[PDB]
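Worksheet: one structure, shown below.
One-based numbering along the sequence shown. Worth knowing before you read on, the calculation uses all heavy atoms, side chains too, and leaves out hydrogens, waters and symmetry mates.
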Amino acid sequence: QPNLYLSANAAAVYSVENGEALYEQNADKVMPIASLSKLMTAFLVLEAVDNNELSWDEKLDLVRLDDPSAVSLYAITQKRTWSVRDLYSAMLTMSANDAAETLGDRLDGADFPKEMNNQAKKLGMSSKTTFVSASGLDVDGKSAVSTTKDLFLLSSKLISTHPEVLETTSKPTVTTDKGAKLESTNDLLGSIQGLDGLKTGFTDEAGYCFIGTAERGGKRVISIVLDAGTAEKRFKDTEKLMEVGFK
Ligand SMILES: *C(=O)[C@@H](NC(=O)Cc1ccccc1)[C@@H]1N[C@@H](C(=O)O)C(C)(C)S1
């Protein structure tokens, strides 16, 4: 494997069509994943729409966050009520913590973590993965954790099961049903050719994280970066992994 000098503590890049590792560093290490959890919440939202259990146009009230510091949709709009479509866009695009919790509550109430982890097993994720919340925010002091290998299995299964997820994560700005314009946290859209996903994350404990995906000429790769040192270093690391991915 190439000799990369990454900021990330754990990182990897995988080819989708065979699951093969093209670079791996601490790929089995258990790491806090924070807002990367929202990829599982997105998975279960799409599963529910497909199962005829959830309407894109159903209106929901944003739940209040326990911590007023976490990034939230209500804070930048002062609007309480949103469609499921808009909450799902806000969750994926700006990483709105209140939007994710609102979707998880609608789906399964206080039993959403069980459904997150059941889906994890069903997707092939190892017992090292444990979700605690739809947003990835800590719950009663417990943290969402996974490994880079497991996050690849989740990401690849999400994209193969629900490829329309990329219609949202590929956009640098999503104009919601209501009207608000949400800016993507994915600073690499329009920078790396073919890159169209997937999701950022950050807490003090998780460091700066990013799951990226790109496709060129039929070949799609997924990169995982956990615990990089700054908001831009997780993308610098991702640029290195994507060049390895398409070597
Ligand atoms: C996911 O990791 C989310 N992280 C936070 O909300 C950090 C936080 C701040 C104050 C209190 C509690 C938690 C969101 N994902 C990151 C990211 O996408 O980089 C945000 C910083 C956008 S918030």
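Listed by chain and residue number, nothing satisfies the ring-ring contact (aromatic ring centres under 6.0 Å, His included) test with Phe112 (two or more places apart in sequence, or in another chain). For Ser95, the side-chain contact (heavy atoms from CB on, under 4.5 Å) partners at least two apart in sequence or on another chain are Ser35, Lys38, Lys199.
Judged purely by atom type and a 3.5 angstrom limit, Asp196 has no side-chain atom pairing as donor or acceptor with the backbone of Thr169. Under the 3.5 Å distance criterion, the side-chain polar atoms of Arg234 are matched with a main-chain donor or acceptor of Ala231. The backbone N or O of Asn9 lies less than 3.5 Å from no partner atom in the side chain of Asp227, so there is not a single donor-acceptor pair. Listed for the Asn97 side chain is no donor-acceptor partner under 3.5 Å among the backbone atoms of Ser72. Side chain of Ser15 to main chain of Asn18: no donor-acceptor pair is present (N/O by atom type, distance under 3.5 Å, no hydrogens or angles). Formation of a donor-acceptor pair under 3.5 Å by the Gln25 side chain with backbone atoms of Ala8 is found in this model. Not one N or O on the side chain of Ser146 forms a donor-acceptor pair closer than 3.5 Å with the backbone of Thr129. The backbone N or O of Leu188 lies less than 3.5 Å from a partner atom in the side chain of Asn186, making a donor-acceptor pair. No donor-acceptor distance shorter than 3.5 angstrom exists from the side chain of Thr161 to the backbone of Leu158, with no hydrogens or angles considered. Under a 3.5 Å cut-off, the side chain of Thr102 and the backbone N or O of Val63 do form a donor-acceptor pair.
At a threshold of 4.5 Å between side-chain heavy atoms, the hydrophobic network of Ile, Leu, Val, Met, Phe, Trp and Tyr places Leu39 and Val71 in one connected group. Hydrophobic cluster membership differs between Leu22 and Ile211, with clusters built from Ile, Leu, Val, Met, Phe, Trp and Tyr side chains linked at under 4.5 angstrom. When hydrophobic clusters are built by joining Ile, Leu, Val, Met, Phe, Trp and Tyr residues whose side-chain heavy atoms come closer than 4.5 Å, directly or via intermediates, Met40 is grouped together with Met91. By the rule that hydrophobic residues join a cluster once side-chain heavy atoms approach within less than 4.5 Å of another member, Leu87 and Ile76 end up as members of one cluster. Using a 4.5 Å cut-off between side-chain heavy atoms of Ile, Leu, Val, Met, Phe, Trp and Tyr, with links allowed through other members, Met31 and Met116 fall into the same hydrophobic cluster.
Other residues, nucleotides and ligands contribute only 12 or fewer heavy atoms inside 6.0 Å of the NZ atom of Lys157. Heavy-atom contacts from other residues, nucleotides or ligands closer than 6.0 Å to CZ of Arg64 number 12 or fewer. The environment of CG in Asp66 is sparse: at most 12 heavy-atom neighbours from other residues, nucleotides or ligands sit within 6.0 Å. For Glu243, the CD atom is densely surrounded, since the number of other residues' heavy atoms within 6.0 Å is greater than 12. No more than 12 heavy atoms of other residues, nucleotides or ligands sit less than 6.0 Å from atom NZ of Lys233.
Here the shortest heavy-atom pairing between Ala34 and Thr203 reads CB-CG2, 3.6 Å. In plain terms, the two heavy atoms of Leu241 and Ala11 that are nearest each other are CD1-CB, 4.2 Å. Among all heavy-atom pairs drawn from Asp138 and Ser143, the shortest one is OD1-OG, 2.9 Å. The minimum heavy-atom distance between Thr77 and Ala180, with the atom names listed, is CG2-CB, 4.4 Å. Contact detail for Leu73 and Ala90: the closest heavy-atom pair is CD2-CB, 3.8 Å. Listed here is the closest heavy atom pair of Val145 and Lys128: CG2-O, 3.5 Å.
At a threshold of 4.5 Å between non-hydrogen side-chain atoms, the residues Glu215 and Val16 do not count as touching. No side-chain heavy atom of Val174 sits less than 4.5 Å from a side-chain heavy atom of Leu92. By the 4.5 Å heavy-atom criterion applied to side chains, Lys79 and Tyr74 are not counted as neighbours. The shortest distance between side-chain heavy atoms of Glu232 and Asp187 does not fall below 4.5 Å. Counting heavy atoms from C-beta on, the side chains of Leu123 and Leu153 never come closer than 4.5 Å. Two residues are said to be in side-chain contact when any heavy atoms from C-beta on lie closer than 4.5 Å; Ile33 and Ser37 meet this criterion. Within the 4.5 Å cutoff, no side-chain heavy atoms of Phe131 are placed close to those of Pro113. Using a 4.5 Å heavy-atom threshold, the side chains of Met94 and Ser184 count as separate.
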> Given the rule in the side chain to side chain contact (heavy atoms under 4.5 Å, CB included) test, do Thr213 and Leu166 qualify, once you have shown the distances and angles that lead to the verdict?
Replying inline: CA-CA 9 Å; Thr213 189; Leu166 296 181; 4.1 Å; yes
>> Applying side chain to side chain contact (heavy atoms under 4.5 Å, CB included) to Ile159 and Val165, what does each step give before you reach the verdict?
In response: CA-CA 7 Å; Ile159 289 167; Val165 75; 4.2 Å; yes
> So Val132 and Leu137, side chain to side chain contact (heavy atoms under 4.5 Å, CB included) or not? Walk me through it.
Replying inline: CA-CA 8 Å; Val132 307; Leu137 296 172; over 6 Å; no
> Going through the checks in order, is the side chain to side chain contact (heavy atoms under 4.5 Å, CB included) test met by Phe152 and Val13?
Replying inline: CA-CA 8 Å; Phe152 164 73; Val13 63; over 6 Å; no
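Rounding to the nearest 0.5 Å gives a distance of 14.0 Å between CE of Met242 and NZ of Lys247. We find the CG-CG distance between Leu44 and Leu107 to be 6.5 Å, quoted to the nearest 0.5 Å. With rounding to the nearest 0.5 angstrom, the CG atom of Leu36 is 6.5 Å from the CG atom of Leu226. Rounded to the nearest 0.5 angstrom, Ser155 OG and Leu198 CG are separated by 5.0 Å. Here OG1 of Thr168 is found 6.0 Å from CZ of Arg85. Values are rounded to the nearest 0.5 Å. The OG1 atom of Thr130 lies 9.5 Å from the CE atom of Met125; values are rounded to the nearest 0.5 Å.
Side-chain contact, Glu24 with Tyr14: a donor N or O sits under 3.5 Å from an acceptor N or O. Residues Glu183 and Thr173 have side chains that never bring a donor and an acceptor to within less than 3.5 angstrom of each other. At a cut-off of 3.5 Å, with distance as the only test, a side-chain donor of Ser126 or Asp150 sits close to an acceptor on the other residue. For the residue pair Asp57/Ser83, the side-chain donor-acceptor check at 3.5 Å is not satisfied.
Under a 4.0 Å N-O distance rule, the pair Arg106/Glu58 qualifies as a salt bridge. Electrostatic pairing of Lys149 and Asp28 counts as a salt bridge here, judged by a charged N lying under 4.0 Å from a carboxylate O.
A cation-pi arrangement is absent between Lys59 and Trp82, since the terminal nitrogen or guanidinium carbon is not both under 6.0 Å from the aromatic centre and inside a 45° cone about the axis.
The aromatic rings of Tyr88 and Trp56 lie perpendicular to each other, with more than 60° between the two planes, well past the 30° mark.
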